[PDB]
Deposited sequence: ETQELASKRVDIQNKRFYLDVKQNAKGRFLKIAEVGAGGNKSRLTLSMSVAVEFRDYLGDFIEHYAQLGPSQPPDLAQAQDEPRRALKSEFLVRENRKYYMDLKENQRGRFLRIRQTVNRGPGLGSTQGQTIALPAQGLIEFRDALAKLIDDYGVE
């Protein structure tokens, strides 16, 4: 398994890596939320699914940009493809708005296991994260 490319996105004090990889089966994207001394969690997406993810990020962006001042998710979506489900929830807590992304298996073994498969993006970073993703899709295609 070869690494084609790796981008890092720094959002407040969190860091995320988007890496494009290749194997015999084809091209894929790995998205890691980094912890203190390792990756906390990672998502795995095909390059095709990454395109759809990019588009959903667009919708989240638009939603966030329109909320106005803050005074149960603000917005919840999910995408299934290839026996993989991705839940996308825009939420707020005390520290601010964020976009949680959880990956699971649709069916077969795992059947709703989510461990080291949840990332949480501070919402401030959604544009930069979408742009990095979009750059990698422009670079490496499919």
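K.L.:
Please list, in sequence order, every stretch of the deposited sequence that lacks C-alpha coordinates.
P.N.:
Residues missing from the model, as numbered along the full deposited sequence, span 1, 73-84, 156.
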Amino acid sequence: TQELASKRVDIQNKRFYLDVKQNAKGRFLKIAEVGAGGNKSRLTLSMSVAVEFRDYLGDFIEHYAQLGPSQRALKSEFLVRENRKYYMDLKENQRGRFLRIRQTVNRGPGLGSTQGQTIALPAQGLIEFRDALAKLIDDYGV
From here on, numbers count along this sequence of modelled residues.
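K.L.:
When the C-alpha temperature factors are averaged for each of 1-9 and 132-140, which stretch ends up with the higher value in the entry?
P.N.:
Mean CA B-factor is higher for 1-9.
K.L.:
On mean Cα temperature factor in this entry, is 75-83 or 56-64 the higher one?
P.N.:
Higher of the two, by average CA B-factor, is 75-83.
K.L.:
When you compare the CA B-factors of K40, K30, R107, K91 as listed in the entry, which one comes out on top?
P.N.:
Among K40, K30, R107, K91, the highest C-alpha B-factor in the entry belongs to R107.
K.L.:
What third of the chain, by the recorded C-alpha B-factor, contains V20?
P.N.:
It belongs to the middle third of the chain when residues are ordered by C-alpha B-factor.
K.L.:
Lowest, middle or highest third: where is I101 by Cα B-factor in its chain?
P.N.:
Lowest third.
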